[PDB]
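K.L.:
please find the sequence and an experimentally derived structure below.
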Amino acid sequence: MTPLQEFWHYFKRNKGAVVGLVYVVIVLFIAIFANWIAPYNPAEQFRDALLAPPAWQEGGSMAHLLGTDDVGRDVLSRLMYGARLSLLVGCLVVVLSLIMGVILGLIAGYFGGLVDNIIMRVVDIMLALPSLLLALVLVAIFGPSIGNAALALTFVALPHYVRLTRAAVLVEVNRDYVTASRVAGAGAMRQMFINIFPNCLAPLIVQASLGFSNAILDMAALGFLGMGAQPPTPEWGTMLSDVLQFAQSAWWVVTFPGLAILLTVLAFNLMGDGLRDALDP
Amino acid sequence: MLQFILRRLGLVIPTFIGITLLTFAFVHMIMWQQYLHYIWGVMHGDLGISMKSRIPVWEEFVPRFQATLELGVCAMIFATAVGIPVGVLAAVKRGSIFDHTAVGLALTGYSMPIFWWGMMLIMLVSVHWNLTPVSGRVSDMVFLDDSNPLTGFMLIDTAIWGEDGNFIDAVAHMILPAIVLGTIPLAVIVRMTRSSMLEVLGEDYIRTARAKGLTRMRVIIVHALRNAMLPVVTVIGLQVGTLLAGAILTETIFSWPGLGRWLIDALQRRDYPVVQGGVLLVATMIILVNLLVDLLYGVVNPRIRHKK
Amino acid sequence: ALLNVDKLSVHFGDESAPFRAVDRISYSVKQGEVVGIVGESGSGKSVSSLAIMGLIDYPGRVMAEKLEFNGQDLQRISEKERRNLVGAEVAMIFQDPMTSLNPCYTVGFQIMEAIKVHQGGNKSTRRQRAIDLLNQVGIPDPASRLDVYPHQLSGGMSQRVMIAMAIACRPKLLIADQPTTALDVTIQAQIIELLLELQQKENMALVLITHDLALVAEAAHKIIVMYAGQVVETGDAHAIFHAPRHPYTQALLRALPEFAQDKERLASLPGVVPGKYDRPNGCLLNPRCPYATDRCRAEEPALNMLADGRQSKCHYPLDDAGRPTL
Amino acid sequence: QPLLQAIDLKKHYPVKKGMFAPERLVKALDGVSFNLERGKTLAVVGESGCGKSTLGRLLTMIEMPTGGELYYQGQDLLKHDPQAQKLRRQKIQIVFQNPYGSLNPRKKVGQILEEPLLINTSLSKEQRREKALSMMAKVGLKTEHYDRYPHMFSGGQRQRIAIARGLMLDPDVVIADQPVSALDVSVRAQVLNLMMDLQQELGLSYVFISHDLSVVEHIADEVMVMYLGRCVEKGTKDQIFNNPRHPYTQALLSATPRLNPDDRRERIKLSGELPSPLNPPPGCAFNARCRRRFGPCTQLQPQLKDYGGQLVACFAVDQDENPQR
Ligand SMILES: Nc1ncnc2c1ncn2[C@@H]1O[C@H](COP(=O)(O)OP(=O)(O)NP(=O)(O)O)[C@@H](O)[C@H]1O
Ligand code: SF4
Ligand code: SF4
């Protein structure tokens, strides 16, 4: 069949993948239209209600579906605006780490030699310290903010995509079709971007979905530690910054931000193995 | 083997000189021979003074390294002892309810916010079911006599010199930290064990193993699992490197004495000397762990062992 | 007969529309006989061997009327009892010698394991037997060879270890699936020579399955020709490649350089082998056959037993002049 | 002037026995030479590791030689000059061993055939398509196949696409690296028939590399037999298959199986396995295996000499033909 419809016919076998894609779609629609769908403004402090339970719990109120935080702010409206910032940072982290990482991986894998040694020793130095710890070192030097966290995450996600692109390119460059085009007269820009790139594209489409998973986990972690976004911002990580005090007083405040994160990341991992199943025989 | 391990050393040394130069750039900017003087400082143990304690970064690092290593070996002993059997079993039983449950739970663990997972277990199994202690490496009831040659490892010290019940405290405080930290390692090990086992169960040497008339047990345990453990050995190395990201998150909620809590407190207080010296001490230990794992891969793998 | 296959069938996929990888085949092997099985890709050769061995896995299903080996019905015996036959009365050699041996264990472990499972014995007697057995396959310096890992062998040496490991317990039948593909011509001559010296010294039957007709014409007594998952001709080696009784055997010979008058063009059949969706009604060669007639689209041909003792799956078996007996 | 002259082609790849060992040459090819003329097939035969596929790679300049001369009609192809690069890129082309790895699996058959014309010619898109359609026609594919991906084709049809890509610039020499080895008998026959019909229409010359002596016996005009990177015997097809002089040629032509009982030959019982090129034996490379082994064979390297119009390198033949030795 045609490559797009053959991909969908195989992807639809993995039901879990379809579930995940559904979820993804749903949260993207919530992220776009939050200003119309969400009950109240993310910053509005109520004071006639303060740490009040969910709508179904006794002493709760049906005006605040997922209850209220300790300074009087609705949890449901805050989770939906958290979705905007979490998916937007996922987009910048995955898009820039793909663009810069695939280019460096093709430049390293095809040209080889000195260029490969310089690129791979720099990537190996960049991976000599754990992902989150290197991002924390960068953010503490430049200052806690959503932009500085997104930039730090793009810079730390880059080496993974370089190493993965190179590994795919070295499996292609030894194959006879790359040699046949070299005999036919093709220049390096053609060989990389017109011949090798569409053949190594299969793993990168998987690693884009698995990249959204790590982008929103590490951004939530950054947020939790107070480095990723500042306390007024409605971000799922920030919402858990200081909540362990509420384990007895208010279970909803601790539960829902992290359940949302889990759901989101699980959905993207579901798509990741759905794409993997659709991209091999 | 020598002509393999000497090439791993050949890639390690340029990486190590890299971390010494980048950490030099950081301690200089917050006479090129000032790098020779700084690495003389590092090699003589003259890492800086932490600005809040006014104690050398090395004197602070040692105790916390120990406290992190207990939690690390418990997370890995849990993740390897539970994970490999579940991964083998799932691949042996492909398409069973077991196989779907194992794949679903491994996706669920690999997708999980580790700090939140800890708060859920603290809330469930220390607050609402009163089964485990809420925080710390050991309770205030434990007071070990300093006169004894203490190791600094709380499990060992409380087993050998503790009063009645003190080892039971030392383990009861450690099970939640280990289960929470070990969840991502366990999820990676179950996944990589399945995929590695299922590619091996497709190979022609297992058709030969069945054609010889072997029991299914020998085919899985002897023929399949040795070939399947080569990539498992590999990813266990990547996990014991990346585990300190889980340490920063878990040690914070559990108020554990540890390198994760000392580094993130230093970052939040802008105590640059602790993060400047602690980045070098973390990065050098990642290099040593990778170097040992590669040596382990060299002895296990006979393609690497015997070639030269 | 030692082996008695009757109406054997092997299917893959859903029972409403099965891939008939083997479709109602029936053949026998006698003690000490060499039997060739020949056919192009998609012909189904290997699947009968894998069915005897019990190597057809979960999505595939084996059905037969009689699958007797040595008087034991291979479809009724238990897993315990199958392991007393496989590797000790029936044994198999496979196509790729570089991947047929386990990378992680020495050649000596892989031979001494086969002896242990079927004959037991101490380390001393199992080592001695592996030494003797490497001597028997013509290995240079056996003693020093036991401690050699498979990646240290050449392809020819690795086939000699496969033969050693297969003959270890003195089987009655040895099966070889393309033992000399991707292997040099002078090594192929040595391996087939070795198998034929073993067939004479141990008196074992040898089933030798390959795409190369010339190797089989030299080695085999009796030849089976397979097309599209079913047997189309059976007969003596000398006669089948000199007066062929089936139009597929005739075409498969006229397509070989052996019959070409120098540069004169080779013959071939039109079309391609009928896979899962392309199955013709009537005779399976009917889309391709030069001699096709309406009976061959209405009615599947019987495996007709001819007066010279041979069999052809054709309505109009070829006379010695190479024309249909209309 | 023959269409392609090879004079003393050598390929000596250097290698390391680990870091501390001195560099050592694997002499993968040494001292091959031939004349190829327009409208003929020259066959290269030998078992694995004989250098037969480092040759061909030299002839198409996939790899540059480490010595020798390679002339198309008096012009040296081994110059780096762009004026010579255009000529070698048009005139000499390759068909690879593997039909599954030699086509780009993410390009349409039209693009696989148009790529040579984009890179080398002035042609507009409208003209380029008509060359590709006419070439598919010439190899026996259909117009509807133009849009299909290579995974939609059988192994035989994939080899027809690889031939059509080779023919696309209208060459004079096609190198054929074991081209019908992976194929079944009835599709092998069709690819051989096609290649001989193209030689009758275009006037191509083939350098045909093969482990199957039957196919060479069928299609070839001259044959080179090779062992451990050196030619051992060269002659017309008629001589090599009826009066083989070299002990290795006699071993190949007897280890090769044959159908007809009347076409059987004396059994020659070669021992051992092929020498590693990394650790080559002294004197004649066959001296570990040869029945005719004589005093010189462990001391000196034999050189090709003319005996009755058939070139052979063997000290025993020199003694048969010169009893005065
Ligand atoms: N790039 C290379 N570097 C070093 N040795 C090589 C290289 N390419 C090939 N060789 C060696 O050269 C020898 C013969 O070359 P090769 O082209 O592999 O042989 P062939 O007989 O032409 N083809 P084959 O049938 O596949 O062995 C072998 O020992 C190869 O391992
Ligand atoms: S039975 Fe009929 S269709 Fe089949 S091979 Fe014979 S003549 Fe042809
Ligand atoms: S030179 Fe000597 S060893 Fe070599 S082929 Fe001739 S007789 Fe044999």
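P.N.:
Looks like it arrived, so ask away. Numbering: from 1, shown residues only, chains lettered A, B, ... in the order given. Ligands and ions are numbered 1, 2, ... in the order given.

K.L.:
just want the most central residue of chain D.
P.N.:
The central residue of chain D, meaning the one whose C-alpha is nearest the mean C-alpha position (CA atoms, centre = their mean), is residue D:209 at 3.0 Å.

K.L.:
give me phi/psi at it?
P.N.:
The main-chain torsion angles of residue D:209 are listed as degrees, to the nearest 10 and equal phi -100, psi 130.

K.L.:
the stretch 1-150 of chain B against chain A: which residues are in contact?
P.N.:
Listed as neighbours of chain A in the stretch 1-150 of chain B under the rule CB under 8 Å from any CB of the partner chain: B:11, B:14-15, B:18-19, B:22, B:107-108, B:110-117, B:119-120, B:122-123, B:127. C-beta: built from backbone N, CA, C; applies to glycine.

K.L.:
what do you get for chain D?
P.N.:
The interface of chain D toward chain A, taken as CB under 8 Å from any CB, is made up of D:60-62, D:89, D:93-94, D:96, D:98, D:101-107, D:115-116, D:119-120, D:149, D:165.

K.L.:
for ligand 1, see how far away residue D:100 is.
P.N.:
Taking CB to the nearest ligand atom, to the nearest Å as the criterion, residue D:100 is separated from ligand 1 by 16 Å.

K.L.:
I meant to write residue D:101 there.
P.N.:
When residue D:101 is compared with ligand 1 (using CB to the nearest ligand atom), they lie 14 Å apart.

K.L.:
isn't that residue up against residue A:180?
P.N.:
No. Using CB atoms under 8 Å, residue D:101 is not in contact with residue A:180, being 9.8 Å away.

K.L.:
between those two, which one's more packed in?
P.N.:
In this comparison of residue D:101 against residue A:180, neighbours counted by other CB atoms under 10 Å in any protein chain shown, the higher total goes to residue A:180 at 27 against 17.

K.L.:
quick one: which helix or strand includes that one?
P.N.:
Element membership of residue A:180, judged by DSSP states H and E, is helix A:176-184.

K.L.:
list the buried ones in that helix?
P.N.:
Neighbour-count burial for helix A:176-184, counted by 16 or more other CB atoms under 10 Å in any protein chain shown, picks out A:176, A:177, A:178, A:179, A:180, A:181, A:182, A:183, A:184.

K.L.:
repeat that for stretch A:89-98.
P.N.:
Using 16+ other CB under 10 Å as the test for burial, stretch A:89-98 gives A:89, A:90, A:93, A:94, A:96, A:97, A:98.

K.L.:
for these, give me TSV that also has secondary structure.
P.N.:
Putting those into TSV (DSSP: H, G, I helix; E, B strand; the rest coil) gives the following:
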residue	secondary structure
A:89	helix
A:90	helix
A:93	helix
A:94	helix
A:96	helix
A:97	helix
A:98	helix
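
K.L.:
which SSE is immediately downstream of the helix holding residue A:180?
P.N.:
helix A:188-190.

K.L.:
contacting residues around that following helix?
P.N.:
Under the criterion CB atoms under 8 Å, 6 or more residues apart in numbering or on different chains, residues A:110, A:111, A:181, D:119 lie in contact with helix A:188-190.

K.L.:
burial of the residue lying closest to residue A:251 once chain neighbours are set aside, as a residue count?
P.N.:
Nearest residue to residue A:251 in three dimensions, chain neighbours excluded: residue B:123, at 6.9 Å (CB to CB, 6 or more residues apart in numbering or on different chains). Applying other CB under 10 Å, we find 19 residues neighbouring residue B:123.

K.L.:
the residue nearest to the centre of chain D pairs with what?
P.N.:
With DSSP bridges as the criterion, residue D:209 is bridged to residue D:44, residue D:177.

K.L.:
what's near enough to touch it?
P.N.:
With contacts taken as CB under 8 Å, 6+ apart, residue D:209 has the following neighbours: D:43, D:44, D:52, D:53, D:55, D:56, D:175, D:176, D:177, D:178.

K.L.:
also residue A:201?
P.N.:
The neighbourhood of residue A:201, defined by CB under 8 Å, 6+ apart, consists of residue D:106.

K.L.:
recalculate using a threshold of 6 Å.
P.N.:
Applying CB atoms under 6 Å, 6 or more residues apart in numbering or on different chains, one finds that residue A:201 lies in contact with no residue.

K.L.:
could the buried residues of helix A:176-184 be laid out in JSON lines, adding distance to residue B:285?
P.N.:
JSON lines is the format used below for these (distance: CB to CB, whole Å):
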{"residue": "A:176", "distance to residue B:285": "45"}
{"residue": "A:177", "distance to residue B:285": "44"}
{"residue": "A:178", "distance to residue B:285": "41"}
{"residue": "A:179", "distance to residue B:285": "44"}
{"residue": "A:180", "distance to residue B:285": "48"}
{"residue": "A:181", "distance to residue B:285": "46"}
{"residue": "A:182", "distance to residue B:285": "45"}
{"residue": "A:183", "distance to residue B:285": "49"}
{"residue": "A:184", "distance to residue B:285": "51"}
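
K.L.:
tell me which two of those sit farthest apart.
P.N.:
A:176 and A:184 (12.2 Å; CB to CB).

K.L.:
what about residue C:28, which helix or strand?
P.N.:
Assigning secondary structure by DSSP H and E places residue C:28 in strand C:19-29.

K.L.:
who does the helix or strand following that strand touch, helix- and strand-wise?
P.N.:
Following the chain from strand C:19-29 toward its C-terminal end, the next helix or strand by DSSP H and E is strand C:34-38. Judged by 3 or more CB pairs under 6 Å, 6 or more residues apart in numbering or on different chains; DSSP states H and E, the packing partners of strand C:34-38 are strand C:205-210, helix C:213-219, strand C:222-227.

K.L.:
those: which one's closest to residue B:81?
P.N.:
With CB to CB as the measure, strand C:205-210 is the member of the helices and strands packed on strand C:34-38 nearest residue B:81 (46.2 Å).

K.L.:
can you tell me how far the nearest residue to residue B:308 once chain neighbours are set aside sits from chain A?
P.N.:
Across the structure, with CB to CB, 6+ apart as the measure, the residue nearest residue B:308 apart from its sequence neighbours is residue B:3 (4.2 Å). Using CB to the nearest CB, to the nearest Å, one gets 20 Å for the distance from residue B:3 to chain A.

K.L.:
residue B:3 in helix, strand or coil?
P.N.:
The three-state label for residue B:3, taken from three-state DSSP, comes out as helix.

K.L.:
relative to residue A:120, how far out is it?
P.N.:
When distance is defined by CB to CB, to the nearest Å, residue B:3 is 21 Å away from residue A:120.

K.L.:
between these two, which one's more packed in?
P.N.:
Set side by side, residue B:3 and residue A:120 show more neighbours around residue A:120, with 18 against 15, by other CB under 10 Å.

K.L.:
name the element the more buried one belongs to?
P.N.:
Going by DSSP H and E, residue A:120 is in helix A:114-126.

K.L.:
and that helix, is it in reach of chain B?
P.N.:
Yes. When contact is scored as CB under 6 Å from any CB of the partner chain, part of helix A:114-126 falls within range of chain B: A:121, A:124, A:125.

K.L.:
could you pull up the contacting residues of the last one?
P.N.:
Contacts for residue A:125 were tallied using CB under 6 Å, 6+ apart; they are B:15, B:18.

K.L.:
need the strands for the stretch 151-300 of chain C, in chain order.
P.N.:
Using DSSP state E, counting those that start in this stretch, the strands found in the stretch 151-300 of chain C span residues C:173-177, C:205-210, C:222-227, C:230-236.

K.L.:
and the longest one with strand C:34-38, angle?
P.N.:
Direction vectors for strand C:230-236 and strand C:34-38, defined by axes from the mean of the first three to the mean of the last three CA atoms, to 10 degrees, enclose an angle of 140 degrees.

K.L.:
now the stretch 201-325 of chain D against chain B: closest residue?
P.N.:
Residue nearest to chain B within the stretch 201-325 of chain D (CB to the nearest CB): residue D:278, separated by 13.0 Å.

K.L.:
please, which helix or strand holds the residue lying closest to that residue once chain neighbours are set aside?
P.N.:
Leaving aside its chain neighbours, residue D:278 sits nearest to residue D:26 (5.4 Å; criterion: CB to CB, 6+ apart). Secondary structure assigned from DSSP H and E places residue D:26 in strand D:24-36.
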